[PDB]
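# Reading the structure
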Amino acid sequence: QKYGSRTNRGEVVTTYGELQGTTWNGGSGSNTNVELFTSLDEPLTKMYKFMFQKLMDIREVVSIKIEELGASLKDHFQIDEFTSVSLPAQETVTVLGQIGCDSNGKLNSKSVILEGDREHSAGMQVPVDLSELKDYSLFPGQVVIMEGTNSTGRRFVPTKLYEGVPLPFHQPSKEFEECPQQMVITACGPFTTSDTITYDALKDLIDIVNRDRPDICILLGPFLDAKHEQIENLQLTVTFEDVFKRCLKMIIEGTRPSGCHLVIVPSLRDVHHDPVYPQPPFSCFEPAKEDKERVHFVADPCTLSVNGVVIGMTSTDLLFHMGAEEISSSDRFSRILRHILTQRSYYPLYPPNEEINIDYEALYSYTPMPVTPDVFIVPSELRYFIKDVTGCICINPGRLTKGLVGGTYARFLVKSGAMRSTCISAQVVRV
Amino acid sequence: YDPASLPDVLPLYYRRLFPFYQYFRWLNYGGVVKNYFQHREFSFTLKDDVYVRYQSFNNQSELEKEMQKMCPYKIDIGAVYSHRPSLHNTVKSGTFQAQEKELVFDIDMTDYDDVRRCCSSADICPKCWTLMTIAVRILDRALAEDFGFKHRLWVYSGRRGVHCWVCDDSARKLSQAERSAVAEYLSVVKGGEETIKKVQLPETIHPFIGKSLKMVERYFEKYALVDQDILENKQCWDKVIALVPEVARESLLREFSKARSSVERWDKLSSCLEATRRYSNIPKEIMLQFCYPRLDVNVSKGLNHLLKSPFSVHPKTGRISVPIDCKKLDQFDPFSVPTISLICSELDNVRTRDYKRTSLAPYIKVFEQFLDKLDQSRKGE
DNA sequence: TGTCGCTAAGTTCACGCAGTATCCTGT
Ligand SMILES: Nc1nc2c(ncn2[C@H]2C[C@H](O)[C@@H](COP(=O)(O)OP(=O)(O)OP(=O)(O)O)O2)c(=O)[nH]1
Ligand SMILES: [Zn+2]
């Protein structure tokens, strides 16, 4: 009722980049090449056996994460030697470690501990005293290098916190120099109103897709939300798989006129899918022979290449997860986004939030960020935004539905080699 | 015959009588297999008992030469080896192996001493030779019927017995184990001088034993009951009594006190045994113990065994080891066998036909017929 | 019928020495 009678349909709630006309048109995915970013590491494309984590394996994965990031930072900063975190230090020493909270609550400036890696510290921890640090921004699981002293052997006092070093951007090949600008419409779940299971917002978005004919449509989960009031109280008369199959059929068949490449990203809130992160792609739907080349069932997180433009995307609410734990000396979202980019992982928070199941071997294998993406799609319960963080266009399109009321989606234009202005324009628009 | 005259006659014989052409035909086996004659082992025994082995020759000419040069007292034929025996020193250790040889049997009258009464040790007479006459028939029949060996050369050993050379290609490729199996199959009289009962047949008579007893029966009456007279007096028939269960022994003794002829005593023994049934084969066990051939399994088991060559000269009797015609076996007489002295007298009394003028000719003829059969088998095959 | 020398690393085979395994003999 409330959604159907909305009056702000099509309103542009946020804008960035070159001004464009009131109407956006795309190439219908004609001269479009969508693939997974070809990096050294193989992508997650199939289910991996889970529910069996050895504490030793978790220890090894965390330790190697710290060690690898510290090695890269040491080469970049020309640091001579790292020192064990636990040992006393009367003079200033450089220490590599990861941040954490001394208790189970939320991190605060008086509860910070630094845990070293196995190579340099035997995994030992030390309390941290942030009284002598003038400026800082710390979240649990953050790999840091600090110059400080430990006079009592019991409390590390940092004096310098080395800044993060983001990965270099992608240097596109000339193969896509002559390709036109590409239009991407991105939306995130939930796709149905809190009190309905009819997917009205999804129908409106599909109508928008057919109207504007974008080159890529990135749909992020959930598609059958686990927190939907109907799902939790067991009022559904059909199986979860059937509802999800109906939703996917609606999406794929309804986009036939647009000829738009669909990129489907699962969510941890998908009640019908495996609850593990990194999430494998959906595998319960077989597109018809006429839609096989258009539909891309990708994994969470995903690094996509679109005519040379690298788009990073994750369904996980990274900003909400890290905002609850980040502590700063004095834009918060920009700081968190820079933290994500500099840590070079799509989920650097450790321990994770209570709402995400992390398989740490898969996390090690499939969460490293190959490069710094040209566009980074990070849907969040927080407010929509389009930010420029260290040259990367971070887009939060919100969620298509916000409770009983309609939500928002985003549309942006990407061209490889433009001007670094790989993102010509971007807009958060209302549904 | 004067054995001091042996060194005088040996050369002439080896020069003008020893049948070298047929000998090479034999040991060369139609040239089918290369190096067959060239890998054959020979051994020579010279004057003053000097023994040499690992002698091999390239062809008939070399053999004739080295033999006429050495003038050996004994010639033994051995195995065909993997290489030439003459170069056995040159062959790497373990790589010198005996590979093929005729299957051979040696039957020696001396092994019958505990059961013959006319002679002893190396003495033979017409009364005991029938034992050999039996053996050749008993064995050769088996070799022609049970095993299917088709080329069999029987040769007089010169003094105490006979040898058999079974030369079928199959018989020449038999392993040691197969040879031992063949020997044990043919062998019935088992035991030494310390055993009295050497034959213990089972309830079932194996067909081979039935056919050997059938062959024995034809001769038994003449050999044992007429000639040998194995029941002449108590000192001898005590043995045969010793070969049967004690239960009837007394019953027999009184009967043997009223019998005048050993044929009568045999009839009485057979009747008494028949009256007494598991012992129904006891007379057969006695016949076998007095008539069946004795075989030294060591002679036939080993591939590397050196056996007296045909047409050798016996160092003591001087007789020639002549082949025996199977058909005319009943006419064979080991005392009429040509001696070397007789055939040298015959030779010095008148090129490739000199031997046809001696008494050696019919035996070379039998050998030539045997070699002709071997050639027919080599061709037809 | 004469075909220069020695020195040295290297391959392929033939054997010691020791260790592991499986397969035997008879009536
Ligand atoms: N018998 C013999 N000896 C040789 C041969 N080649 C080399 N040599 C020996 C004897 C030479 O004096 C010695 C020196 O060898 P070199 O290859 O250094 O050449 P050489 O010193 O004669 O002259 P060079 O180094 O070119 O100024 O090696 C050869 O072919 N036969
Ligand atoms: Zn006699």
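Residues numbered from 1 in each chain as written, not as in the entry; some residues may be left out. Chains lettered and ligands numbered in written order. Heavy atoms only, no water.

Judging from the entry metadata, cryo-EM is the method by which this structure was determined, and 14.06 Å is the reported resolution.

The next point concerns empty space enclosed by the protein. Picture a little ball the size of a water molecule; that probe, rolled over the atoms, points out where space is still empty. Residue and element names in this part refer to chain A. When its volume is computed, the largest cavity comes out at roughly 50 Å³. Lining the largest cavity are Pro190, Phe191, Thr192, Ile197, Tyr199, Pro222, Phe223, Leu224, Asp225, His228 and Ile231. Classifying every residue of the lining of the largest cavity gives 8 nonpolar, 2 polar and 1 charged. (1 Å grid on protein atoms, 1.4 Å probe; cavity = no way out; pocket = protein on both sides within 12 Å on 5 of 7 lines; lining within 4 Å. Points joined across faces, edges and corners; volume = space filled by probe spheres on them. Nonpolar A, V, L, I, M, F, W, Y, C, P; charged D, E, K, R; others polar.)

On to the UniProt feature "binding site: Zn(2+)" (unreviewed entry) in chain B. Residue and element names in this part refer to chain B. When the UniProt feature table is mapped to this numbering, "binding site: Zn(2+)" (unreviewed entry) covers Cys118, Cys119, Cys125 and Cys128. One can find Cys119 in the loop between β5 (103-108) and α4 (129-145). For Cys119, a relative accessible area of 13% gives the class buried. For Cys119, the residues in contact, after removing those within four places along its chain, are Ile124, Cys125 and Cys128. Since its relative accessible area comes to 15%, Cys125 is described here as buried. Once you skip the residues sitting within four places of it in the chain, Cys125 turns out to touch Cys118, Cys119 and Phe335. (UniProt positions renumbered as here; feature names shortened; annotations may be inferred. Helix = DSSP H or I, 4+ residues; strand = E, 2+ residues; numbered from the N terminus. Buried < 20%, exposed > 50% of the residue type's maximum accessible area, 1.4 Å probe, protein only. Contact = heavy atoms within 4.5 Å.)

Turning our eyes to something else, we now look at the domain arrangement of chain A. Under the domain assignment, chain A is made up of domain 1 (12-49 + 174-316 + 356-430) and domain 2 (56-161). Between the C-alpha centres of domain 1 of chain A and domain 2 of chain A there is a distance of 36 Å. (Domains from an automatic or database assignment.)

With that settled, the discussion passes to the pairing of strand β8 (residues 157-161) of chain A. Residues and elements named next belong to chain A. Pairing of strand β7 (residues 143-150) with β8 involves 4 bridges; the strand directions are antiparallel. If you follow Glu147 over to β8, its bridge partner there is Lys160. Linking two consecutive strands that pair antiparallel, namely β7 and β8, is a turn of 6 residues; a positive phi of about 70 degrees is found at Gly153 within it. (Pairing = 2+ DSSP bridges.)

This part takes up the sheet that holds strand β2 (residues 34-36) of chain A. Residues and elements named next belong to chain A. Reading across the sheet, the 6 strands line up as β2-β13-β14-β16-β18-β17 and stay open at both edges, with mixed pairing between neighbours. Only two strands of the sheet have a single neighbouring strand rather than two, namely β2 and β17 (385-389). This sheet shows a mean twist of 25 degrees between the axes of neighbouring strands, independent of strand direction. Strand direction decides the pairing type here: β17 and strand β18 (residues 392-396), joined by 5 bridges, are antiparallel. If you follow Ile386 over to β18, its bridge partner there is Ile395. Where helix α7 (residues 332-343) meets the sheet, its contacts fall on β16 (375-377), β17 and β18, and the angle it forms with β17 comes to roughly 55 degrees. (Axes fitted to C-alpha atoms, helices over the stretch in contact; angles between N-to-C directions.)

Another aspect to go through is unusual backbone geometry. Residues apart from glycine generally show negative phi values, whereas peptide bonds are mostly found in trans. Residue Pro278 of chain A is bonded to the preceding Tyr277 of chain A through a cis peptide linkage, with omega at -5 degrees. Relative to the helices and strands, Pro278 of chain A is located in the loop between β11 (261-265) and β12 (295-297). Along the chain, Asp300 of chain A connects to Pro301 of chain A via a cis peptide bond; the corresponding omega equals 0 degrees. Its location among the elements puts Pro301 of chain A in the loop between β12 and β13 (302-306). Phi at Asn35 of chain B takes a positive value of approximately 70 degrees, unusual for a residue other than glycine. As for its placement among the helices and strands, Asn35 of chain B is situated in the loop between α2 (20-28) and β1 (40-46). Although it is not a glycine, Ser121 of chain B sits at a positive phi angle of roughly 55 degrees. Tracing the sequence through the fold places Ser121 of chain B in the loop between β5 and α4. On the basis of relative accessible area, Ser121 of chain B is assigned to the partly exposed category, the value being 48%.

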